[PDB]
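With ideal geometry, Cβ positions are generated from the backbone for all residues, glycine too; neighbour counts draw on all protein chains shown. What follows draws every value from the coordinates through simple rules; no lab data is involved.
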Ligand SMILES: CCCCCCCCCCC(=O)OC[C@H](COP(=O)(O)OC[C@H](O)COP(=O)(O)OC[C@@H](COC(=O)CC)OC(=O)CCC)OC(=O)CCCCCCCC
Ligand SMILES: CCCCCCCCCCC(=O)OC[C@H](COP(=O)(O)OC[C@H](O)COP(=O)(O)OC[C@@H](COC(=O)CC)OC(=O)CCC)OC(=O)CCCCCCCC
Ligand code: HEM
Ligand code: HEM
Ligand SMILES: COc1c(O)c(C)c(C/C=C(/C)CC/C=C(\C)CC/C=C(\C)CC/C=C(\C)CC/C=C(\C)CCC=C(C)C)c(O)c1OC
Ligand SMILES: COc1c(O)c(C)c(C/C=C(/C)CC/C=C(\C)CC/C=C(\C)CC/C=C(\C)CC/C=C(\C)CCC=C(C)C)c(O)c1OC
Ligand SMILES: CCCCCCCCCCCCCCCCCC(=O)O[C@H](COC(=O)CCCCCC)COP(=O)(O)OCCN
């Protein structure tokens, strides 16, 4: 339950730094390949937990062409683990395709919930 | 759970008999006045139990002018008992008004359910 | 009582009773529809359940059908069980119960389902409108019941006493011995019915021309035209209806349906164009009306119409058009118009 | 940019922005209705939630309104907070977001509720039909959105770029200093809008006469007539609309509503008869058309019309009819007709 | 604006506006439905429609005059409107309808047709207008057996037994110069009105109206009118509030603005800064609500009205609403008090600075009749700006905390629980 | 909704002893079943405290 | 409907051990909670039968 606004606050400071982005980016590329979600046919944004209102809002607003493809990747993954096998090497997700398709819908649901709380418990200038 | 078809089979044999209808009808008139449902503002057909399909069918088919008046008599009766009193003597049900308003709807629901069972378990003439 | 029958060496018989009780004789809007869905309910002697079970063991079925001229009671059964089915149809016309709980539980829900599936078809909505603007109060009455005008149980019973009369019905049989049928009809309750009056009028109806209507609808778009026809011109328009749907014509790929509805005192020609895109509908209907105004020669379609007219006259009592010999030409005069759907992108009458 | 304002010593100010963007300029059916329900949503800088909360602490409210000629953005507020509300209305016309989830979650459900409550009124359905058969494609376009023609998000954005232009809007103020308003408008995003083109046409519209329509409806029955009016005859029909609803006339107890809708290039007179029983509706409308064909003298209602015309011209920019002096008489010529409800028991046009 | 009152035997009030294009002149009496008995309930509603009848209005429309009238609990009104340069004719017409010749109006033919017209209005009101008739039944159980319970239109049972003599008796006792104010609004000068009245020697009737025995008394009670054929539930609920000429008049008005009004189908009304809306919108418990603070000569009412289609979650709506009322005594924020100050001033500005001179004539006459003068709008704004958070808590702990309630409902109200489950929610006691 | 109606464990208590619909006319003979629940609690408690000393 | 769905007591058994929806991919580590229910039945039953002979 660390917010995504905070994750990107830290991450964009690392990436726009010359000296920091050459010691932690190679480390982070080996961390993703050893995890092994790409071998089950999954992108990272499929792994995010969705039993909360900010993630239920982002999924309603996702386009349906991208929503139908997400449900097939999740069903195919439950079946691949049920058999204790991996998929063929030509059906793995590649690095070009491992894009954050759901991040932009999440950040706008978070910025609006924070704006509401700041207004619901504000004190007046007078 | 004696059927109403059977009750009227016996009753109409007593009433159309000269000698039988003069010993059991006076007895039956004192039996109704000692029961005391007319003092709570109730007719007899309100007392019949209705947690069965033949009585649920008869109540759907009852006209609504007679159905609205039945619900008021039942609510007024529950309230006369929570107070441990009787109604005034000019609000009692009289013998002219104590009519079987629901009997005809019951007898036609019974004759149709019996006709169905005789056909569902019939054996053929051949 | 006009009894008529044809015989044949087959296994299955068919018996019909036709009544002049269609929607063109209705006192209120939709009362001929609720009498039709009320037939083959309980009678004063036999229940509806018992009739279905008894006839299943003998091999037969019943149904009732409504159109703008007739109500028709039909029975289809095995040949040797004739006298049972003559007496069943007679009890329907004589001693039906008309009880209030049958209207609430069976008849009104069935009439509501009929109306719900017909309102989704835009070609049927257009046909109902062409009948209303061409004929206003008779043939133009609505067919089905929609609840605009309220119809009580006593209105259904007073209509039945009007149309179920000895002088207002016909009896017909297919694969039935006629001497046997005429004998069973006399010893039946059909002969005890009231001897009333026939509702048919030999006067020709009054018609109107140059009318227009438009209706908004979600779905596909339709453009339809209607032309009233007298008795002496029915054959000229029967050839036209077949020539336009045939491969002899250039406009057959632009037309979805064309037909001629025939009555005892004239008929109505109809034509329909249908498509989802509203630019296609407008461009096709414009090309059809420009071609019919110039004129056509209908003589190559005379032999093709004699075949089709015998295919639809197999086991009906045959209004006869031996006028196909003197049919050469046609050109379009005045007509009526209806548009259904995206009516902002469909044409108007004065620009066709 | 035409800025105009009146001053007064009160507490409350009102500021309006009128755009020639009504339904008579719509490219698709119902696109002016979805732009209207889209105003005062999120902008590129300020959210919709923040606008409601900020203005509540200053004491103000916003709303948008649609008619066949105008879309109007209005603000009602306390006098001394003027410059905040000039810049809020300017961001609405300039930098609105047009995001897909606002169409799905807010705009389309609100347009659906507007249509559902208007379809239950038979007097509004009759008025929409009289506009369609009298004017076919301009003023006769439908006001609200019903889903017959499909309107996308890009269609809403392309309409906004057409009607939100410097040469196509007016700014008006009530209890506002005009020198202050003209200064705050120049240092605003209103002055940075595109200088496009005005959509108004000084041509008079084309109209039609002698038309008719009928619509089935469950409920009460209506009979309505419509007459198109040119610029030079607007005063004769304004006196008529007031004389018929007044106690000076015999027909006021037979009439439910009579009015004249005024535009920059003519108008439309309308009259309505309404009742649940359909024999009452038919007998009343027949008596009204027979009386207007004979003729009336409208001179006793001239002074009564000057009062009523000033009561409805309190804080609007006043189309002026100083023609009430030369009004004496009226007799009815040709007209249009619409019937809604139990249309089998209502009269036809050729029998009125 | 600025008002000006005088007394030359007749009380004349005026509120000039040089920007108006019209002028209104009328008379307001200080008697309404609360000065009647159950036998003649509706006699003031018949005087309205006799004044607006067709043969009387025809005489007015020939000179360019429009008529209006309004019946309420504490007052009655009869207004004439005209162009600014025709206000001399307005007074003459009013002279031959009240001071003289109100017998030509009470003829036999004019009284039977008028009666039949009023019996049809009150019948359609009781069968189609559900929000307003439930609020009438609230006044009828909250103030039962007192004058403030009677409906302003009358009932169908009391209207049928009214004859001409009942109309004439009610006029001799109440249409008096001691009980009357002559008003003028719009484009009319104060001195031109009084000199026109002095040039005629007018006098309606002298004075000393009746005494009115009983005072208004609030009783905690309920009335339920169940109808399962209708598609919604309509409910109203209130406590005893403030009368006019009370010190807490504007504090009660401000506390109703904190909870305010709602419409579920308008998008901007879902975004109001009202904490109650976070509970209602999760399951959509209602379609609309509105909070009121009503005030009369002797008593008042404070509460809300609602309409809903969620007939299975009625108890959660009533529960959540009454838990917010508790916060006015315990925990109410300074932000909530400053929002309500600004919107209340906007609400009062629209009521008193509308364009219609007819609405301004009704407000002026009722105020002068009940306190002798009219408070300015600039003085009312200063009182509103001087209300603190401590003033709201003192008012609520007296008027809301652990106090009796009045309830009325109609429709599908099977899910509305008993009185004592609702009475108990007026005090937290988790505290 | 209220917490007593949304929580898994309090929902059972609410449905049985708080919001349960009852007929208005039931008399004091309908109170014997709650007493029998108190009797069972008395016996189980007293017997367990004696069982610590019994042989 | 089926009798196991309409009866008050069998409906609970059906909802828990017959028709309960389960994820298809759960492994044998999800079988330990059923064993703990067998352990409790073993421990309670064997204890009653020893308690008849204990002092
Ligand atoms: C040994 C272990 C026993 C311990 C448990 C004791 C509880 C036994 C209760 C048995 C019973 O249920 O009999 C109920 C019957 C009352 O029937 P009802 O509802 O119509 O009367 C409502 C009342 O009028 C309102 O009475 P109210 O509600 O106003 O107050 C109740 C109060 C008595 O109040 C008074 O001061 C006198 C009116 O307290 C009680 O009554 C306690 C209840 C007994 O009682 C009667 O009075 C008549 C029947 C006599 C029963 C004798 C046979 C049993 C052996
Ligand atoms: C006293 C109670 C006894 C039971 C307790 C232990 C049971 C639960 C242990 C979980 C387990 O099954 O071990 C698997 C574990 C992690 O691997 P995983 O979860 O990805 O795959 C599971 C897949 O469904 C196997 O099952 P599979 O789908 O591969 O085939 C069925 C298998 C049946 O075998 C069994 O009965 C297992 C209980 O077929 C056969 O073996 C046929 C015989 C020739 O990898 C391991 O092998 C670790 C062994 C356990 C060590 C920890 C305990 C030591 C204290
Ligand atoms: C429904 C619940 C129970 C009932 C009806 C019940 C009944 C009885 C009765 C009638 C006696 C004999 C009383 C005498 O004359 O001394 C008794 C004795 C005893 N019971 Fe219970 N019992 C119940 C529950 C329990 C429980 C749960 C225990 C737990 C250990 C318990 C422990 C004992 C003991 C130790 C004695 C012997 C001591 C004595 O005589 O009082 N009882 N029980
Ligand atoms: C969760 C259930 C239980 C657990 C975990 C448990 C555990 C134990 C353990 C660890 C011992 C000592 C074993 C030894 O070294 O001898 C014991 C003894 C004993 N327990 Fe249990 N017990 C359970 C249930 C019961 C029950 C319900 C009873 C009585 C009905 C019971 C009766 C006894 C007796 C009589 C002994 C002494 C005899 C012996 O040593 O085996 N137990 N228990
Ligand atoms: C009709 O309306 C009603 C209604 O009126 C009522 C009352 C109820 C509720 C009715 C009941 C009878 C409640 C049910 C009561 C029980 C099931 C009794 C259960 C009792 C126990 C399980 C006993 C628990 C006791 C202990 C654990 C003893 C504690 C001892 C200790 C701590 C001593 C420590 C020392 C040693 C040696 C152990 C309804 O359900 C209901 O329906 C809607
Ligand atoms: C995830 O999917 C599952 C799931 O897989 C399972 C298995 C279950 C069921 C799981 C369980 C663990 C079952 C629960 C079992 C208990 C709570 C055990 C409690 C009952 C006992 C321990 C029995 C007690 C025994 C007695 C009272 C009698 C013993 C004494 C005797 C027989 C002596 C009698 C005397 C004489 C003289 C013969 C689920 O509920 C479930 O969720 C949907
Ligand atoms: C047949 C056996 C009896 C079955 C139970 C029926 C009788 C009811 C038991 C008595 C009711 C008391 C329950 C406590 C109510 C609060 C529960 C709660 O807050 O739920 C939990 C927290 O509860 C706990 O921590 C463990 C509960 C301990 C149970 C004590 C024995 C809150 O969870 P919540 O519903 O708010 O949603 C998740 C939000 N984080």
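Taking the square roots of 5 times each eigenvalue of the Cα gyration tensor of chain A, largest first, gives ellipsoid semi-axes of 33, 22, 11 Å. Multiplying each eigenvalue of the alpha-carbon gyration tensor of chain D by 5 and taking the square root yields semi-axes of 40, 26, 18 Å, largest first, rounded to whole angstroms. Sorted on the mean count of surrounding Cβ atoms within 10 Å across their residues, most packed first, peptides B:102-110, A:11-19 read B:102-110, A:11-19.
Figure legend: label point modelled 7 angstrom from the Cα of residue E:423 along Cα→Cβ; residues of segment E:223-238 with amide N under 20 Å from it are E:223-225, E:236-238. Spatial offset of segment C:303-341 relative to segment D:118-179 amounts to 48 Å, using the alpha carbon center of each.
The rotation axis that maps chain D onto chain C passes nearest to the beta carbon of this chain D residue, listed with its distance in whole angstrom: D:213, 3. Taken residue by residue and averaged, Cβ atoms of other chains lying within 10 Å of the Cβ of D:51-64 number 5. Position residue D:154: other-copy label points at 6.5 nm, ordered by increasing distance, label point 7 Å along Cα→C-beta. Taking every C-alpha pair closer than 8 Å and separated by at least 6 residues, the mean separation divided by the residue count of chain A gives a relative contact order of 35 percent. Among E:379-386, F:6-13, D:245-252, B:42-49, the peptide with the highest mean count of other Cβ atoms within 10 Å heads the list, and the full ranking is D:245-252, B:42-49, E:379-386, F:6-13. Considering only beta bridges that DSSP places wholly inside chain C, some 80 percent are antiparallel. Would you please state which residues of segment E:141-155 a label at residue E:127 would reach in this model, taking the label point 7 Å out along Cα→Cβ and a backbone N cut-off of under 20 Å? Output list for this probe position: E:153-155. The value of relative contact order for segment D:1-211, using C-alpha pairs under 8 Å at least six residues apart, is 38 percent.
For label points placed 7 Å from Cα toward Cβ, what is the shortest-first list of nm distances from residue A:30 to its copies? Between copies, matching label points for residue A:30 lie 10.9 nm apart. I'd like the distance separating the alpha-carbon centroids of segment E:154-207 and segment E:341-390, in whole Å. Cα centroid of segment E:154-207 versus Cα centroid of segment E:341-390: 25 Å apart.
Between segment D:1-39 and segment E:48-84, the alpha-carbon centres lie 35 Å apart.
Using the alpha-carbon positions of the protein assembly as shown, Rg (one decimal) and Dmax (whole number) come out as 40.5, 124 Å. With Cα atoms as the point set, the radius of gyration and Dmax of segment D:218-352 evaluate to 15.6, 45 Å. Across the identical copies, the label point of residue C:252 (7 Å from Cα in the Cβ direction) is separated from its matches by 6.9 nm, in order from shortest. Stretched out straight at 0.36 nm per residue, the stretch from residue E:266 to residue E:403 would grow longer than its current Cα-Cα span by 45.9 nm. Note on residue D:61 and residue D:128: the extension gain reaches 21.0 nm, defined as 0.36 nm multiplied by sequence separation minus the Cα-Cα distance. Across chain E, the mean sequence separation of Cα contacts (distance under 8 Å, 6 or more residues apart), normalised by length, yields a relative contact order of 22 percent.
Take every DSSP beta bridge with both residues inside the protein assembly as shown and express the antiparallel ones as a percent of the total, to the nearest 5. Present the calculation step by step, with values, prior to reporting the outcome.
Numbers: 140 of 169 bridges.
Here the antiparallel bridges make up roughly 85 percent for the protein assembly as shown.
Straightening the chain between residue C:208 and residue C:331 buys 42.4 nm, computed as 0.36 nm per residue apart minus the Cα-Cα spacing. With N as its number of residues, segment B:63-118 has a Cα radius of gyration that, divided by 2.2 N^0.38 Å, comes to 1.62.
The mean count of C-beta atoms from other chains within 10 Å of the C-beta of residues in D:7-13, rounded to a whole number, is 5. Each of residue A:123 and residue E:219 was given a label point 7 Å from its Cα along the Cα-to-Cβ line. The distance between the two points is 4.9 nm.
Take the Cβ atoms of residue B:111 and residue D:257, set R0 to 45 Å, and the FRET efficiency comes out at 0.20.
Shielding by partners for peptide D:302-311, expressed as the average number of C-beta atoms from other protein chains within 10 Å of each residue's C-beta, is 5.
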